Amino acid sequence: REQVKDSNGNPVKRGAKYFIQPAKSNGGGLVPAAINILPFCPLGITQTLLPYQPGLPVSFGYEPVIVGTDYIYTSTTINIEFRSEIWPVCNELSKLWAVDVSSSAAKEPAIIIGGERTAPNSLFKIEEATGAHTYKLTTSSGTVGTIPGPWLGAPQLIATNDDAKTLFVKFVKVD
């Protein structure tokens, strides 16, 4: 277990805002986007294709609670939540990431938004990967990966046992 480092080499602090940015990519950061038409709640998570769009900010917090430290460590369960004043749709749902565990869940399930803090489908871990300050995300439903999704095939986040799909990311401190 080590301190997760942001793209500047500084440790990632609990509750602080980060953009999650796919590594070795021409696209921007991770953002909410609908994966279904109607209903469109809950939203999925997508890499925007547009180069200078940094993503929607997230913050990390330990779950279950770990008291005493300000830093996020690898291989330890956290919640990931989008941080936005403006949120016009899907308001009956939270902004925590979670694996889709509904009855319509794909064999390789969507990462959606609206998980319950304590539910098991809401628990992620950050794990080191090769490259500087490059990481992967894992859940109890598999590694976080992408498939071409409904927005011009923009990467769409799923949980997957296929290593080829793994999403490698950096955390860019919101400045």
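Residue positions are given as counts along the sequence shown, with the first one as 1.
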Mean Cα B-factor comparison, 151-159 or 14-22, giving the higher one as deposited: 14-22
139-147 versus 62-70 - which carries the larger mean C-alpha B factor in the record: 62-70
Given 99, 78, 86, 96, the residue at which the Cα B factor reaches its maximum: 86
Looking at 132, 33, 37, 49, which has the highest CA B-factor as recorded? 132
Could you say whether, by C-alpha temperature factor, residue 115 belongs to the lowest, middle or highest third of its chain? middle
The third of the chain into which the C-alpha temperature factor of residue 29 falls is the lowest
Binned into thirds over the chain's modelled residues, the C-alpha B-factor of residue 169 lands in the lowest
